[PDB]
């Protein structure tokens, strides 16, 4: 068979940008119905519709045993009292895992099982997080500076954004004299 060529690409620790990577941008308007305070959401969109996070990805064909990787730049902010966060998802092939490596800023990862059992892992520069098979995951920026991290996952894992779009996570992460992880009313 015809083999693929190996390669090296630079990752800027300060910006999170990966050379030759495919860039994706998610604005607040791309997250309709993800936040609890839908009025605060509407107001922020009309006021400017800021970018929530950008993604720089290098992915291969969806074949067993291969790997993809991507950095995410999650900007600081809140929709009411709820911290800026990624959309979150399960994998299409739900038993695929993922590994995250925090590079800059501060935040944490919210994970949950299909039953809604939740976990919240704090992340700071240098933190490596293991997302086990079957767990949905969402990253949260709980600071005032960009939260940058690298994600590595199986090329055939895919994304199930749908379940989350519909029901969301069982917990929401908000600010109240500190970082609070509480039950999600709509969940």
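Numbering follows the first chain given and starts at 1.
(request) Between 35-43 and 49-57, name whichever shows the higher mean Cα B factor according to the PDB entry. (result) Higher of the two, by average CA B-factor, is 35-43.
(message) Mean Cα B factor from the PDB record: higher for 127-135, or higher for 114-122?
(response) Taking the mean B-factor of the alpha carbons in each, 114-122 is higher.
(request) Tell me, lowest, middle or highest third: where does the Cα B factor of residue 158 rank within its chain? (result) Middle third, going by the recorded CA B-factors of the chain.
(request) Just say lowest, middle or highest third for the CA B-factor of residue 72 relative to the other modelled residues in its chain. (result) For residue 72, the deposited C-alpha B-factor lands in the lowest third.
(message) Splitting the chain's C-alpha B-factors into thirds, which one does residue 82 fall into?
(response) Highest third of the chain for residue 82's C-alpha B-factor.
(message) Please place residue 21 in the lowest, middle or highest third of its chain according to the CA B-factor in the PDB entry.
(response) Within its chain, residue 21 is a middle-third residue by C-alpha B-factor, going by the deposited values.
(message) Please place residue 9 in the lowest, middle or highest third of its chain according to the CA B-factor in the PDB entry.
(response) For residue 9, the deposited C-alpha B-factor lands in the lowest third.
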